[PDB]
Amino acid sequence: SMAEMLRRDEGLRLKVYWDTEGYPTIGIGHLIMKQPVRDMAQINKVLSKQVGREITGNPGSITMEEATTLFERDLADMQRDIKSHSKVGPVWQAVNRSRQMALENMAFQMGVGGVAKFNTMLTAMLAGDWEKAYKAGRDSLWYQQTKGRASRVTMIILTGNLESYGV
């Protein structure tokens, strides 16, 4: 499932942390704000609206159930946007579920617009040229910056199964 896949790749936090670009994050890779904001009063205010109850603390916490709710909403927003995208959508419809999960994993990490930048990879996947797709994904700066996760994801694209996640 995507929940077990993204829990592994994104970790699980019940208290805010800041990602490598400085953005406040919580749960399973849930971006609270798309600014590099350190203001806890601002962070708490936004997170309170997102989970449905007043968050206090420096930092405050959410419950495990709130983390799951945030993830389920995040995953649906992404899945909705990946099918509708004019470039990524056609590829998603043409590949099997394992490979859809690989594209959804990338979209969760970098956004659909980020996935849309892999023109050579996506063109190769639509053509069924999995070796060229694999090589294009591992040629990228994304592979150099998050090599463990990108190795797992590109291996799905190459092989068509989920063995790189132990499945």
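All residue numbers refer to positions in the sequence shown, first residue = 1.
With 107-115 and 129-137 compared on mean CA B-factor from the PDB entry, the stretch scoring higher is 107-115. Look at the mean CA B-factor for 22-30 and for 54-62 in the entry; the higher one is 54-62.
The entry lists a Cα temperature factor for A102 that places it in the lowest third of the chain's modelled residues. Per-chain ranking of the deposited C-alpha B factor places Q35 in the highest third. Sort the chain's modelled residues by C-alpha temperature factor and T69 lands in the highest third, per the entry.
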